[PDB]
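Shown below, as structure tokens, is a lone chain in the form deposited in one PDB entry; questions about how it binds or moves come after it.
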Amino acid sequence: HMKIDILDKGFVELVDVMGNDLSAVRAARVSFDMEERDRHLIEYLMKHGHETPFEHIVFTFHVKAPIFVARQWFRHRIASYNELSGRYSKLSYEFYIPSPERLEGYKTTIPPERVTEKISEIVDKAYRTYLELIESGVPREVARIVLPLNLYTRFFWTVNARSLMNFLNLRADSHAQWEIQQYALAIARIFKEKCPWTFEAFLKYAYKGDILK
């Protein structure tokens, strides 16, 4: 199974997939039966905005990402999500700490290594407060409110190729936050491997972003 490491502790993993490039061809033609013409049809559909045939290609991913990344990701309503709960489980001590390279191009009056240090210090104090509240009998759903947005979470994501292409237009792009761009690059890599003709036609005719290819 295709698994890609993202950020310092995150990942994107392909759990399951239904269909391939030919599923979009079989659905568009409403074919009974189970190539230059099939590839030409994918390019035609892509070129002219006939995107419904790509809805018959479905992916299930397992993602580990910080909450501030998941908040942006979960705004994609045309998909399915199941995520770890802070109400029902004790949350793990796992936080996204930016690399000093994250601040490249930014003049800071604090050294980038000291930025890294200050982020680590506050997440350690917040996690210590969280544990002290839990261990004192405070319910989990209340104790977790002191935890910061760089806490890692995990979720299952089921999405079809049309909504995935919308996600790549918006997230595999320089306007999107750098951290979610890194997840979108991995999603694109998996999409390219499972659906080469759809992905190549998407980049050529319909992809709106500025980082892919």
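The term rigid core refers to the most C-alpha atoms you can superpose between the two forms while keeping them within 1.5 Å. Residue indices: 1-based, along the sequence shown.
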Report, as yes or no, whether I145 is left without coordinates in at least one third of the other compared entries. no
Is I57 one of the residues left unmodelled in a third or more of the other entries compared? no
What number of residues from the deposited sequence go unmodelled in the gap from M34 to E35, classed as none, 1 to 3, 4 to 9, or 10 or more? 4 to 9
Between 36-44 and 182-190, name whichever shows the higher mean Cα B factor according to the PDB entry. 36-44
Would 91-99 or 74-82 have the larger average of its C-alpha temperature factors, as given in the entry? 91-99
Going by the entry, which of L133, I110, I119, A126 has the most elevated CA B factor? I110
So where's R26 on the chain's Cα temperature factor ranking, which third? middle
Sorting the chain's CA B-factors, does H62 end up in the lowest, middle or highest third? middle
Third of the chain, ranked by Cα B-factor, where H56 sits: lowest
Using the B-factor values recorded in the entry, state whether the Cα atom of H50 falls in the lowest, middle or highest third among the modelled residues of its chain. highest
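The next section is about a form of this same protein that is not shown, the form deposited in another entry.
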Just one entry of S92, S120, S80, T129 has its C-alpha move 2 Å or more between this form and the one not shown under rigid core superposition, and it is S92
Relative to the shown structure, Cα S89 and Cα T60 in the other entry (3 Å or more change) are closer
Since the C-alpha distance between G86 and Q177 changes by 3 Å or more in the other entry, give its direction relative to the shown form: closer or farther. farther
